[PDB]
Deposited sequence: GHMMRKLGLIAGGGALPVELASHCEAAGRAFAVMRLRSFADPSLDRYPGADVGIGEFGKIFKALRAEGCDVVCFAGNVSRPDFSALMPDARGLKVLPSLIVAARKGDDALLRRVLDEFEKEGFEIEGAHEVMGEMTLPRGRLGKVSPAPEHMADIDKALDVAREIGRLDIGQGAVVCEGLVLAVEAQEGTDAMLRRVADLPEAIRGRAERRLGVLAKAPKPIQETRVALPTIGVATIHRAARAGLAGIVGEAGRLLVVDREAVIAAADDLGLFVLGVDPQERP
């Protein structure tokens, strides 16, 4: 439970720790990922890291005084060819590019284990799970109706098997029919596709059918995330709700998520893994 070194991806999380770093006074250090990091993190202690500057990040976290790092934010796999220069990233690079061939987890695997080599003992999940994780049972006031339990179990099953092939982690099931499965497009894009599907095979704004399920990605530090946008994007699609495994989903801004889900009439539910 030592602290802190922040490897900045993109999106709210990296600010949702800066807001939280205003608490304990670590004082954190932000390794801003040059290509992803928000400028709301401009001139916090730390540096700007080209995602290839693998050895600069190491000397920087070391420099400041870091023994414990947290991976927050959205990151994409690079187009490797066009990568930035750093000679320390090479001793481990092939084992990345090679694991990159497996999937978006075998790559993530090597990178994080690579840190653990350098003496940095890390855990990005527990730092943020004890703040903003999905709890068991409903999150808002809406519960699932009987007419929604079968889609719940099935959406989840599909998400898990899609998830073990390293394809994606999200899937959408309406009345037993799988409407969509997430790959590289992202959850928002996937929900958008669903709303675009003919109404004959989906719910609508006054009779909601269907569930979005996100799940890992089997045994964590990178876990499937949802936020407010997910709610109304889920809503447009006609979905009745969203499910995840308890302690295996990140809910950014859980109160506005609660507010939004409730007004729209959508459950959000954490099932037991």
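No alpha-carbon coordinates exist for the deposited sequence positions 1 to 3, 223 to 225, 280 to 283, given here in order along the chain.
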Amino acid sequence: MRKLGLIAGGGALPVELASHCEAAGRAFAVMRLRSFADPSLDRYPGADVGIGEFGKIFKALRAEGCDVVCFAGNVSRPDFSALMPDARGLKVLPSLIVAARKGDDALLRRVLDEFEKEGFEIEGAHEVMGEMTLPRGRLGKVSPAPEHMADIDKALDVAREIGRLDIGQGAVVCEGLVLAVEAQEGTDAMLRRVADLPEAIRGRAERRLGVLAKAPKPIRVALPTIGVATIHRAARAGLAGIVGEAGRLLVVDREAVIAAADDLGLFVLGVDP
From here on, numbers count along this sequence of modelled residues.
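Comparing 241 to 249 with 44 to 52, the stretch with the higher mean C-alpha B-factor in the PDB entry is 44 to 52. Per-stretch averaging of Cα B factors for 90 to 98 and 192 to 200 places 90 to 98 on top. Residues shown: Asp151, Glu182, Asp79, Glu116. Highest C-alpha temperature factor in the entry: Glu116. Among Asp104, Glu123, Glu161, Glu175, the highest C-alpha B-factor in the deposited entry belongs to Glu123.
When the CA B factors of the chain's modelled residues are split into thirds, the value for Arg26 lands in the highest one.
Per-chain ranking of the deposited C-alpha B factor places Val257 in the lowest third. Sort the chain's modelled residues by C-alpha temperature factor and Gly186 lands in the lowest third, per the entry. For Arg233, the recorded CA temperature factor ranks within the lowest third of the chain's modelled residues. Ranked by Cα temperature factor within the chain, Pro135 sits in the middle third according to the deposited record.
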